[PDB]
Novice: 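Handing you a structure now.
Chain letters run A, B, ... following the sequence lines, proteins first and then strands; every chain starts at 1.
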Number of protein chains: 2
Amino acid sequence: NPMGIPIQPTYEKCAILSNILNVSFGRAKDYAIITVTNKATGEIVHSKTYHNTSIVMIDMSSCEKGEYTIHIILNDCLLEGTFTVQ
Amino acid sequence: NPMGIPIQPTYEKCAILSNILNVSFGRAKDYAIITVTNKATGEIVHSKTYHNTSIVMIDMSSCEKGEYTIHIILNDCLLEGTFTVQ
């Protein structure tokens, strides 16, 4: 039986509570881009390059309700996730 | 309620069938390291840097049975997964 093997970054983690989005960089990279996009409309609601940063917290409590994608861009790897703003 | 947001690489995927491990690079990078390690013993059973490669296939059919970790190393991101050789 064929089986997918999920792959995840070791050092980058993401979570949300009370519409506060958290990105954690467990080894603080020289550069990381975080871009957050409304999945229904394509509106970019956050896009910033970070330097020497461990914790990024983004308040999504005023944003449109629905699904969003997060992109975290490292050298060349493009990391992605999807989350819900309720 | 707190919620984790799984993050995955966009371009790198992994799967297994009949103990043939497959790694696919959807945008063929200038460099990627693939290292496969027996999780019980720490024995490294594969470790190679690839260049301009789209598909890597690794025959695990002679390897010890049990759990393995795969690491895929890109610029600085360290991607990880776990899989079973039965």
Novice: For B/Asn22, check side-chain hydrogen bond (donor to acceptor under 3.5 Å, both in side chains) against everything at least two apart and list the hits.
Specialist: none
Novice: Is it the case that the side chain of A/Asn19 and the backbone of A/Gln86 share a donor-acceptor pair, with hydrogens and angles ignored and the cut-off at 3.5 Å?
Specialist: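 Indeed, once roles are kept as given, a pair shorter than 3.5 Å links the two residues.
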Novice: Do B/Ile7 and A/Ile70 make a side-chain contact, defined as non-hydrogen atoms from C-beta onward lying under 4.5 Å apart?
Specialist: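 SC-SC contact between B/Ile7 and A/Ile70 confirmed.
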Novice: Transitive ILVMFWY cluster of B/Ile20 at side-chain heavy atoms under 4.5 Å: who else is in it?
Specialist: B/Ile55, B/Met57
Novice: Could you report the tightest heavy-atom contact between A/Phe25 and A/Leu74, atom names first, then the distance?
Specialist: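 Heavy atoms only, the tightest pair is CE2-CD2, 4.5 Å.
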Novice: When you compare the side chain of B/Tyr50 with that of B/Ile72, does any pair of heavy atoms fall below 4.5 Å?
Specialist: no
Novice: Could you grab the distance from atom CG of B/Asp76 to atom CG of A/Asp76, nearest 0.5 Å is fine?
Specialist: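 Separation between the atoms: 9.5 Å.
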Novice: Please identify each residue that fulfils side chain to side chain contact (heavy atoms under 4.5 Å, CB included) with B/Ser62, with sequence neighbours left out.
Specialist: none
Novice: Counting C-beta onward and ignoring hydrogens, is there a side-chain heavy-atom pair between A/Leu21 and A/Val85 closer than 4.5 Å?
Specialist: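 When only atoms from C-beta onward are counted, A/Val85 and A/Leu21 do not touch, as no gap falls below 4.5 Å.
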Novice: Tell me, which pairs form a disulfide bond (SG atoms under 2.5 Å apart) where one or both residues lie in residues 48-86 of chain A, sequence neighbours left out?
Specialist: A/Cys77-B/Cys77
Novice: Please step through side chain to side chain contact (heavy atoms under 4.5 Å, CB included) for the pair A/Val45 and A/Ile58, ending with a clear verdict.
Specialist: CA-CA 10 Å; A/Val45 302; A/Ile58 301 166; over 6 Å; no
Novice: Please tell me if the side chains of A/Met60 and A/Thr84 come closer than 4.5 Å, counting only heavy atoms from C-beta onward.
Specialist: no
Novice: A side-chain contact here means heavy atoms from C-beta on lying under 4.5 Å apart; do B/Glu67 and B/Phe83 qualify?
Specialist: no
Novice: Only counting residues at least two apart or in another chain, list the ones meeting side-chain hydrogen bond (donor to acceptor under 3.5 Å, both in side chains) with A/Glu43.
Specialist: none
Novice: About how many Å separate CG of A/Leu78 and CD1 of A/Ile33, when rounded to the nearest 0.5 Å?
Specialist: 9.0 Å
Novice: From A/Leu79 CG over to B/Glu12 CD, what is the distance, rounded to the nearest 0.5 angstrom?
Specialist: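 Here the rounded value is 8.5 Å.
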Novice: Could you tell me the separation between the OH atom of B/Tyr68 and the OG1 atom of B/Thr35, rounded to the nearest 0.5 Å?
Specialist: 14.5 Å
Novice: I'd like to check the side chain to side chain contact (heavy atoms under 4.5 Å, CB included) partners of B/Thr69; sequence neighbours left out, ordered by chain and number.
Specialist: B/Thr37, B/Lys39, B/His71, B/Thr82
Novice: How close do A/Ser47 and A/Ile44 get, counting heavy atoms only, and between which atoms?
Specialist: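 Closest approach of A/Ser47 to A/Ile44: CB-CG2, 3.9 Å.
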Novice: Indicate the atoms forming the closest heavy-atom contact of B/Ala15 with A/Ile5, along with that distance.
Specialist: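 Where B/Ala15 meets A/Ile5 most closely, the heavy atoms are C-CD1, 3.9 Å.
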